[PDB]
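Two separate entries follow, structure 1 and structure 2, each one form of the same protein chain as structure tokens.
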Structure 1
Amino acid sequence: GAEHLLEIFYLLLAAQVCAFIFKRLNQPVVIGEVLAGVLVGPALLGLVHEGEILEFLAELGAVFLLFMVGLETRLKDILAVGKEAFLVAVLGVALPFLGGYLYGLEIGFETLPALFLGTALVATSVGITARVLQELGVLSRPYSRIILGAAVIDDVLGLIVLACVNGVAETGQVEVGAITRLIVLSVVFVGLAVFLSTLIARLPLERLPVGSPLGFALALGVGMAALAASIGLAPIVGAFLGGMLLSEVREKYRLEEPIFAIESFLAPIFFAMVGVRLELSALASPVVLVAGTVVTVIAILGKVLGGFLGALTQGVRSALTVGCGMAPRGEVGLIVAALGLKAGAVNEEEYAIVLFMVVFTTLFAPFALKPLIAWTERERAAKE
């Protein structure tokens, strides 16, 4: 009760101050919110700790981030760059996987350990990227729409990979029955959202038995995140689709301001909890810094190349910007590593290498993405 209310106060207070600090320094505001969590968490002040309640609030924040981002995104404008989104997603899976596997072989790993290394680099965690895009007011640009589209397909691809790795870790074989169930559920869910995108215009919510348009919008957004999560997709993918279902009507029922209000409250908790979780090891382990630095470079270059090649139609600046946006990694990578520990294919030093990579690809993305965006925008202006 009171404990958890104090914790939230310390997070919001710290995140408000560090946001102000990073604004005044013209650095990415979202990195301030992460630092805030580091400061109040167990690494230093010890006022906030890992817990179930805070982590669920963190999850709601991410959901309302991408729910808000969906609101500002026409589906049709995603479809306009669908072929690029798709390419960016598949190459962003293949290339980091290949580089990770070949590097594994290079450093004496056996076959299965090498495959696990490669698969741990495959999934994008687009939350911090979407926050930056929103922060800089470029959600409507083509590199932004390619990123968001690629993130959705990358999450389907990520779940396929997760399902296969789960099966191998448990049964030792590829569980195609399980894989296909999840592909089916996924493409049906996504494809059905594209169809339900229509009913929102073709039926006004006067005749709908709800307390308010907003109340309807909130139930829909959370429900879509909920349905995504029950399939095994990330909740932020459902939230994003949920937002896009409502984008059409966002002005009419004045949805942007209240949903942005709620994001303003919870999304800082999301990024602050990233900080709270940061384990400032390994300094004791020496091989973790060498292989972990190289794996991080490979993880980043794989995504940066995927974006570059798949989005090259928009130019080198936009395409590298797309690539950087896909670089941050997250939970799916850690889970794969952990399932690898259960399968005997991964050791604790390999785990820490993946953890190291997850942390620094996450911190990397905003620092590269802010100036890359400015660089892309400068070019647009010079071409008039």
Structure 2
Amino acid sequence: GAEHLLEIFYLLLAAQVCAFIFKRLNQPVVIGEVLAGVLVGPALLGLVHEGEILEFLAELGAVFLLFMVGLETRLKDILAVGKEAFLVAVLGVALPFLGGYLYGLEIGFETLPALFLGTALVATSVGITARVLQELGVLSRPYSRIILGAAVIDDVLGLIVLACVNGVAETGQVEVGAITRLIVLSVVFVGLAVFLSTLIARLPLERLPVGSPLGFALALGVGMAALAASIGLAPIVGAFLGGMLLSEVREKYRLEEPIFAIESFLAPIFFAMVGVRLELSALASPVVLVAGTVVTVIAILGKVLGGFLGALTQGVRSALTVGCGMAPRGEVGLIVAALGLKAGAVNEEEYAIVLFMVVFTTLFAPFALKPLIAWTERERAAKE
């Protein structure tokens, strides 16, 4: 009870300070937050441990980050680049998967673990990316919108991939009905969201028996997350979509600011808690470091190239920035790794090898992403 108030305190103070240290280095804040979680977490101070409660708070954090982003992101905006979104997504799943599975077959990983390698390489944590794009006030740009939309598609794709894989881990075949069911639930949910959001501005909440337009927004957001999560998608997606629903009425209701407040309350906990859940396996470990480094380069190159190719339309400058913005694996890669360990599909060694790369990718990606944003905005002025 005071356990959790204490822990939350630690997370907040560490995250505030680490954010200060990283702000003063012209480096993005997200890294500070994650490192704060590593700082106070098991790895170093052991002040903060993994709690069902701390994990859920972290979840809400990710949610509000994405609700915030969708609030400033309209359908017209993402659709108008939706083809590059789609392409970036599909290539982003295809390329590091094959690379993953192939590289698994070569070290000596068996068919099922190798499949899990490709699986982990498929994942994408737009939470982190979003945090950066938000910081540099860039959420409006084309590459950021392609990143968002493509991320949304990338989620349904990744879910199908994991459904297939857990399927072959449990019985050995892929339950086709389950797959198609997920595809239908996903497509219907997303399309229903989109439809709903071409109708939001036309109907101000006024006749709704709600007590405040904000309270309405919070429900039509947390609820969107919940819905997404019940279908089998990441809550972050329900969140983003819920944001889009209300983005054509955002300014009209003074929503941008109080949502931004909540986000900048819970998001640090989310990123910190990502840092909390990173393990000391890459410490004094060999095959882990070697195979890990290789699978890491395969991961980054897979994502970055998929992105570069899908949105090559906007010219190289944007294309890497999308690709690079698809790199980090964060809480997602962590999750796939955990499920991999549980169902007896991955040794603690192969788990160390995957964890190494979700850690390195999570760290590396937002570094490279910052100058890439500058090197794209400087070039956008010479054609402005």
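Just so we're on the same page, rigid core means the largest C-alpha set that superposes within 1.5 Å between forms. Residue numbering: structure 1 sequence, from 1.
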**Fill in**
Of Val69, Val346, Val48, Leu60, the residue whose C-alpha shifts by 2 Å or more between the two structures, after superposition on the rigid core, is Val346
**Prompt:** Do you see a C-alpha shift of 2 Å or more at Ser285 between the two structures, with the core held fixed?
**Reply:** yes
**Message:** So, superposing on the core, is the move of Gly32 at the CA at least 2 angstroms between the two structures?
**Reply:** no
**Request:** Take the rigid core as the frame of reference and indicate whether the C-alpha of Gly127 shifts by 2 Å or more between the two structures.
**Result:** no
**Message:** Looking at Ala327, what is the CA displacement between the two structures after core superposition, in angstrom?
**Reply:** 0.7
**Prompt:** Quick one: CA shift at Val336 between the two structures, core fit, Å?
**Reply:** 4.5
**Core-fitted comparison between the two structures - CA shift at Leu105, Å** = 2.9
